[PDB]
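A short write-up of the structure that comes next.
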Protein chains: 2
Amino acid sequence: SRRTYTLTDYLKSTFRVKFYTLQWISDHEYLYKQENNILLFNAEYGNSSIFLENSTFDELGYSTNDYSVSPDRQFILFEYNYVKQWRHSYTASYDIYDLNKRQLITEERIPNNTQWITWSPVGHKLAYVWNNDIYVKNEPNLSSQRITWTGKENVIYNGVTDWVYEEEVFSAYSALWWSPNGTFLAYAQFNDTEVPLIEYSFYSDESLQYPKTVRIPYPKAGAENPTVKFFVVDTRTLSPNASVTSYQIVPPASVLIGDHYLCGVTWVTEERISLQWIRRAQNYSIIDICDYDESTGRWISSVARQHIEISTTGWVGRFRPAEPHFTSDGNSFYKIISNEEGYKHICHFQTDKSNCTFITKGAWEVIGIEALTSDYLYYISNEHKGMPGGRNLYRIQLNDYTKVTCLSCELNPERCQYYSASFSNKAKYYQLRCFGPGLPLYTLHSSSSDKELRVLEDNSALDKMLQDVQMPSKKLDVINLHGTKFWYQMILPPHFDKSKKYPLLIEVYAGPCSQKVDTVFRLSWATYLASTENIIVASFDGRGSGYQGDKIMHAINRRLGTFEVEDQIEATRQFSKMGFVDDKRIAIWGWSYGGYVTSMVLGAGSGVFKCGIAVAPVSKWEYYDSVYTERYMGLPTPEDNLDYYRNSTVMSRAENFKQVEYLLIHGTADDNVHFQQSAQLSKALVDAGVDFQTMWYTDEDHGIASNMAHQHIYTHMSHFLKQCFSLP
Amino acid sequence: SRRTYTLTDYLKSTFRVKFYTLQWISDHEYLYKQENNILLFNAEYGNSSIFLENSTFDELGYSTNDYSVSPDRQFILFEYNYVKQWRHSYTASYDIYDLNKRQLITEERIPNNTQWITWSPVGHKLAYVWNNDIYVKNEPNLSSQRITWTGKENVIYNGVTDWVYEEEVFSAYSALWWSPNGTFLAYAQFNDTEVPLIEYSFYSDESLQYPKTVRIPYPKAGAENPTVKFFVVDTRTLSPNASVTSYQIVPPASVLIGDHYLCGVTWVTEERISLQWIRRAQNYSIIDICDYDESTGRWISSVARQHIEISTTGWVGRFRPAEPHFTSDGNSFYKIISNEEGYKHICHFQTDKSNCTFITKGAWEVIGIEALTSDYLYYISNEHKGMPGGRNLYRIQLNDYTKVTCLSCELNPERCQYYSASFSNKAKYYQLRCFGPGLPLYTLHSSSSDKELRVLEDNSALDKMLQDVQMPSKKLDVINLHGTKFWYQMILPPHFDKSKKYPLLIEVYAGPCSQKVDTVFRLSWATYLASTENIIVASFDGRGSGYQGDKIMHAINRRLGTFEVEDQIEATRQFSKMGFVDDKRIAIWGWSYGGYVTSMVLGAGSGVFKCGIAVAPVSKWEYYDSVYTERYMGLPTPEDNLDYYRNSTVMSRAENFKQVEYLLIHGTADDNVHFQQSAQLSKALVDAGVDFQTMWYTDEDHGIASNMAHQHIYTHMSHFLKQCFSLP
Ligand SMILES: *[C@@H]1O[C@H](CO)[C@@H](O[C@@H]2O[C@H](CO)[C@@H](O[C@@H]3O[C@H](CO)[C@@H](O)[C@H](O)[C@@H]3O)[C@H](O)[C@H]2NC(C)=O)[C@H](O)[C@H]1NC(C)=O
Ligand SMILES: *[C@@H]1O[C@H](CO)[C@@H](O[C@@H]2O[C@H](CO)[C@@H](O)[C@H](O)[C@H]2NC(C)=O)[C@H](O)[C@H]1NC(C)=O
Ligand SMILES: *[C@@H]1O[C@H](CO)[C@@H](O[C@@H]2O[C@H](CO)[C@@H](O)[C@H](O)[C@H]2NC(C)=O)[C@H](O)[C@H]1NC(C)=O
Ligand SMILES: *[C@@H]1O[C@H](CO)[C@@H](O[C@@H]2O[C@H](CO)[C@@H](O)[C@H](O)[C@H]2NC(C)=O)[C@H](O)[C@H]1NC(C)=O
Ligand SMILES: *[C@](=O)([N][C]([C]([C])[C][C])C([O])=O)[C]1[C][C][C]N1C(=O)[C]([N])C([C])([C])[C]
Ligand SMILES: *[C@](=O)([N][C]([C]([C])[C][C])C([O])=O)[C]1[C][C][C]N1C(=O)[C]([N])C([C])([C])[C]
Ligand SMILES: *[C@@H]1O[C@H](CO)[C@@H](O)[C@H](O)[C@H]1NC(C)=O
Ligand SMILES: *[C@@H]1O[C@H](CO)[C@@H](O)[C@H](O)[C@H]1NC(C)=O
Ligand SMILES: *[C@@H]1O[C@H](CO)[C@@H](O)[C@H](O)[C@H]1NC(C)=O
Ligand SMILES: *[C@@H]1O[C@H](CO)[C@@H](O)[C@H](O)[C@H]1NC(C)=O
Ligand SMILES: *[C@@H]1O[C@H](CO)[C@@H](O)[C@H](O)[C@H]1NC(C)=O
Ligand SMILES: *[C@@H]1O[C@H](CO)[C@@H](O)[C@H](O)[C@H]1NC(C)=O
Ligand SMILES: *[C@@H]1O[C@H](CO)[C@@H](O)[C@H](O)[C@H]1NC(C)=O
Ligand SMILES: *[C@@H]1O[C@H](CO)[C@@H](O)[C@H](O)[C@H]1NC(C)=O
């Protein structure tokens, strides 16, 4: 032991962090690929069998990047030819393989460039999008049936979301919802017709003589937004000589009154669907439980079956209103909302009664509802030890909201404080995912006795390797800002010599409801900066950060770039007091919102930071998309919030950049935070006679994730810092 | 003690070089803008008189950008609202001012956004281009008369060149020619229909919410070219209810067979016009002298009046074929072409015969024909002292080609070695223009006595200032590369100590027919680098450079990126052995071609250069336009030259960049050398795993000439250099 975790170690993932991904297919069975083959595991016994031998894989075209077995287990989809688009969207090619005959369906095949596809909840029907249109195949070998015709590229989307619904509302490309029994197929249609286009250049491969102009309908703050239509389709009459039987469900008057967004779709029963709408302003949402009128095919609404959720201090939900979780019968539902105290907690609702009943209370928050049985509700909260940066699995007894137990809490207190969970079909079993502070740990549990059962993956191999390398230690602690207790974390160099004054790297994000301080174990660039370069890396969650009540999270409502920016400065200032830090060598970096914050900070003139790096930063909110931007800023109009839109640009702080060293980076093909943002920032700094460095990344997106590009930016950033800290 | 020439000195233009711009308006008078007044000087006795006083300009209400007095001196044209387009093109608004009633014309005014305007050669007639169509105004107060109706944006161009003809053929936006007495108005039409569009983003001013996308029909190597047509309009028939009587002159068959370019137009007499065409291949051009047939109104050609010019070792002319200069009768003309030995000299052509007789010869070249009378021919050449980097005015006796005088070689030998001239009508007088080695100096002379009438400007003011400051010296000399002597130049720091060792900076261009080594006086970025930073800045003209005959200039024919690149490396390799050069601190920088050569040099792996800076570099010839590129490289096909097109990209040498500090700089709005070029190059490097520094300049065009931008790039390059050279 005399070697340290290096940039190459981090760049090449020399140290492998293993995990264990399974797929429940029953209340007691899951599918797990091991050594390339799909094995069927029995949760109860641990004994397994073969479902699909590796070798059944005959590199069709390229290779199998994902599979999907149909619910009746008679078939299985093979995803290959993957071709990414946006964060979640992508096209692919599919093969349907008959498990009975263990054959490969060869007639009536799924198209090339398929946008989205999915089995029905039961059986093996198939719905898929292609060229913005919907298709249904009741039988793999049988011919498909075209559902929509309006499908137009960059104009009409049926079955899949457009750019803003993908990135800002559903965090999915998918906009298809099979009914529980497959009778109905729900979908949304998005109309981008009047949505302005962001246009940037994509240079493609060196062989391309002329660059290509990418054009995406992307609504910026205040611009015209796309419109939505919801339809429920009765797949029963789907026949080639029959038309399509579909009903359009509109939002309740209170929202149909103006621009809005469809943000949630939840089937309760085969004849009950739950629509979640929110206004453009996004501080007013509403759940509409619609009932199927057998005698007419209509889907009906009722004032009594509607539930309003609003915010006066900000926006509804974290990034969107929390989803409703209905009881089997569908007469009541449990959903997370804010207290009178402003804490995200579970409230029990009655399908047709407006009053709800919180079943959880506390100065902490429910992160999410994972499972619901006829007796119990399973959820995840950051309650344990009152530290918001941790997560745990809790079970509450429905007949007595006093009987609430914590399953993950004491399993491995030192190694596990951050969990997520996956439950079997009828919540009879569940896998616990431990992500830190110690090495990840995957285990299988039986809901009956919460018995350990077995350890799926302990990363024992990874633990071995790391005992030879000089790893940094990660500590989390609090500090007091204007009365409030806020959390921070510091990755400290090995053999920490307290007499020495270490340089400081503040890694920031600071976006609304963001959380940079947690107990998640990571092998990041910071690890390298501390293990090898003896640089201390810290992060701070202040006003604006989430998982700590609305009072904190909403602090920056309608005023982005203010309190979250300032709290980073005061937090750092406090830190610069600790004896082991060289207050004359403090840098700050961030990506996206972190790049914005970092910029605002450098241009703050606090004289606190010597240099910073902004990767793909927002620079002027009017340049960002309407759904996200407005959710926190409202409209950039003088009758509303124009003033705070203008005094929050980075450009407005240009003059102050003369006091520090700044590295501005940005992918030229960033559909998310358009390259423009940085182009406008640099031009401003140039007008201000301010010197600084830049690094553009040709054809890389918001992720700058291509192999060569990933390695480069981190290598570059690393020298800039060393250069800034006068390091060897 | 003394002061040095500082960066701020160069950027702010603290030391202003003065000059004298006059406009001959007759055989003995010339206009001159003094104190914003327009003075009319009489060259005979030097007495002046006011032509238009600044009073007039105070009264206009807009910043006058320029004016143009009608030949008959009755009207003056005022130009305002100048809006730059490409290197030469631009649009503007125009006022016509009456010089008698000294009243501004306000009836039937000239359109805004006028692309081109010109008075006829006599009288006060006008011709202008608006919306790609031509118009003619006989009188300033009467309505104009539309000539063409085909004007179409980005498609059809009447009276003005397209982008490629503008940048590469005419070095002018203008594409119309009045006959001597204004009888005919000839123009060219360009069809860009099938020319591909280069597209790129222009973010504009910070407040634009969506970047705009600029589309320019621009042909790249091998792509489809614009086509052209030439017409001669008989303006005598112009009249509201009359059609436009015009005639179309097509190139001779030898050029018509395939792709060609109109490259020269020269009126000879009212009835004789000279067109110069050249094949797309550019090693074959022809002059076609057409005569007006009074009986039918057409312009006839004849094989007798055709003159071919071809190059078997490379291309014709320097950046186009030289222009013919006709005698007053048009029965003969004089033009520069390569002689048997490969040196460009003047040949006397018989308008109706094919053989020509050389009136000049030697191992030097005539730069151009300046004036021509029935008795003498005046020209410029680098003959004096046998130094190509020098320019002098010579007069040759038309009746005895052995009798040649050098009118400016001895005037001020030590102070002046680089001259340019400007003769009056009939060449009775001429202003001499000395640009170095000493402070520029403007003088007037008589042609009959060759007496130095008077001094127009000697820059004594500048001289005064430079006295108190420590300027650098510019030594010029020679060396040998493969048995040939090439010239180089060095900008040495003050108190140059042959003893001490200095860091060297190679400033390079090295493009075909270029001359980076001359005796011109320049207050440049290099002046500060030597004066204040004591850095030696050297330039070298090796193979491919011009003004030294075709053997040197055509050496790189069809193989750009080879000898010229190689020669800079050998040259430097020698400079380093000179003892006053510190071989541990050598760098190279260039712009455009220089950026390309610079890049190829660093990619060579010569171990010679430590760091380098490329600005707006070409990186792959298939990315540059057709006219320029094909001229030296041919077509990028395998039946032709694709092989050399491929192994000559900067990307092909990326692997070697791992050994040098590189700085890539480009303006995102560069319409000449597209941003694409540096984007593909940065992409190659990232892939090869090369670290380097970058810098883009938002909305800056090929010259990165906006003010702040200009200051910013030099400031940025200075720190880079100094950082490379270990200079505080
Ligand atoms: C309009 O025209 C009048 C001339 O009739 C201009 O006045 C002249 O302006 C120049 C420039 O300032 C003066 O020259 C100065 O000379 C001194 C000599 O020591 C020199 O030190 C300065 O650097 C400068 O060159 C000139 O004397 C003056 N002559 C007159 C008539 O007073 C006037 O500037 C013009 N106004 C406009 C609209 O520009
Ligand atoms: C998408 O929305 C646009 C409106 O933005 C619809 O366009 C209108 O269509 C109607 C009938 O087709 C016309 O009468 C209007 O003149 C159109 N307005 C505009 C601005 O185009 C379009 O029909 C919608 N598309 C779908 C399939 O819903
Ligand atoms: C935009 O302007 C507002 C007010 O004009 C800024 O808010 C003020 O911030 C100072 C701290 O510097 C406080 O002392 C004031 O009380 C604040 N005023 C209000 C009305 O809250 C805000 O910080 C600016 N935002 C940005 C991005 O600079
Ligand atoms: C492209 O390839 C050609 C041919 O291989 C190169 O030319 C040769 O270069 C070698 C090595 O420098 C010389 O020794 C030969 O004399 C050259 N022969 C020929 C056929 O020219 C050329 O230099 C390459 N060009 C580039 C851009 O690297
Ligand atoms: C930026 O912050 N995006 C970041 C987020 C996702 C890091 C957690 C990134 O790297 O993609 C931008 C600017 C602020 C909003 N933002 C977004 O991309 C948003 N659409 C979210 C919801 C993805 C943050
Ligand atoms: C390059 O040379 N651009 C330079 C030239 C004009 C310096 C003399 C610049 O600063 O504009 C580019 C790339 C090679 C060809 N070139 C051109 O611009 C050419 N069209 C010429 C004919 C202007 C050199
Ligand atoms: C596990 O073993 C039991 C026999 O006790 C069997 O019924 C079951 O199918 C097995 N499960 C698998 C998939 O191995
Ligand atoms: C398939 O699984 C077997 C175990 O049964 C394993 O030995 C073999 O390596 C696997 N083949 C691969 C690598 O696809
Ligand atoms: C559906 O229409 C097609 C039209 O070609 C016809 O051939 C087919 O018989 C129809 N289906 C039935 C049997 O209704
Ligand atoms: C919702 O936000 C908008 C912001 O434009 C505001 O006008 C409206 O009053 C808000 N309503 C509530 C209940 O806060
Ligand atoms: C110069 O003086 C002569 C007098 O011989 C006169 O004819 C001429 O017009 C004058 N020109 C100017 C510029 O005053
Ligand atoms: C321009 O060229 C296109 C084909 O290249 C032709 O069809 C068109 O008619 C031409 N237009 C003119 C005005 O010459
Ligand atoms: C030109 O024609 C118009 C109508 O077409 C008429 O009013 C005018 O008088 C004519 N003028 C001439 C020059 O004949
Ligand atoms: C002119 O160029 C073409 C193609 O580049 C070539 O084939 C032809 O031989 C050249 N002509 C001369 C005089 O060399």
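Chain B uses Swiss-Prot numbers throughout; the residues present, in order, are 39-766.
Cβ atoms here come from the backbone N, Cα and C positions, even for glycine.
The feature active site, charge relay system is assigned by Swiss-Prot to B:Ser630, B:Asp708, B:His740, with sequence analysis given as support. Annotation comment: Swiss-Prot describes B:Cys385-B:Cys394, B:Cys444-B:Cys447, B:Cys454-B:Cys472, B:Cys649-B:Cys762 as disulfide bond. The N-linked glycosylation site annotation in Swiss-Prot covers B:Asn85, B:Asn92, B:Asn150, B:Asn179, B:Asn219, B:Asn229, B:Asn279, B:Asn321, B:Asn685.
B:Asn321 (N-linked glycosylation site) sits 24 Å from B:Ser630 (active site, charge relay system), taking the C-alpha atoms as the reference points. The two recorded residues, B:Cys447 (disulfide bond) and B:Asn279 (N-linked glycosylation site), show a Cα separation of 59 Å. Every protein chain considered, the tally of other Cβ atoms within 10 Å of the Cβ of B:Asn179 (N-linked glycosylation site) stands at 13. With a cut-off of 6 Å between Cβ and the nearest atom of ligand 6, the recorded positions B:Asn229, B:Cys454, B:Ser630, B:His740 reduce to B:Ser630, B:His740. Of B:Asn85, B:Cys385, B:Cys454, B:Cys472, B:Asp708, all annotated as recorded positions, the residue with the shortest Cα distance to B:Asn685 (N-linked glycosylation site) is B:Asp708.
Screening the recorded positions B:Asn92, B:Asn321, B:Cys385, B:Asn685 for a C-beta under 6 A from any atom of ligand 1 leaves B:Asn92. Other Cβ atoms within 10 Å of the Cβ of B:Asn229 (N-linked glycosylation site), summed over all protein chains shown, number 18.
When each of the disulfide-bonded residues B:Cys385, B:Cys447, B:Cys454, B:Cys472, B:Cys649 is scored by how many other Cβ atoms sit within 10 Å of its Cβ, B:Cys447 comes out lowest. Ranked by how many other Cβ atoms sit within 10 Å of their Cβ, the disulfide-bonded residues B:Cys394, B:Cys444, B:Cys762 place B:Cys444 at the bottom.
The shortest Cα-Cα distance from B:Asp708 (active site, charge relay system) to any of the disulfide-bonded residues (B:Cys444, B:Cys454, B:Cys649, B:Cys762) is found for B:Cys649. Using CA atoms as reference points, the recorded positions B:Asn92, B:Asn229, B:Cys454 were checked against B:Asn219 (N-linked glycosylation site), and the closest is B:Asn229. When the glycosylation sites B:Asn85, B:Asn219, B:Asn279 are compared by the number of other CB atoms within 10 angstroms of each CB, B:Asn279 has the fewest. B:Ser630 (active site, charge relay system) has its Cα within 10 Å of the Cα of none of the recorded positions B:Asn85, B:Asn179, B:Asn279, B:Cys444, B:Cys454. Residues near B:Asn92 (N-linked glycosylation site) in space but far in sequence (CB under 8 A, at least 6 apart, same chain), listed by position: B:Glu73, B:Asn74, B:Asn75.
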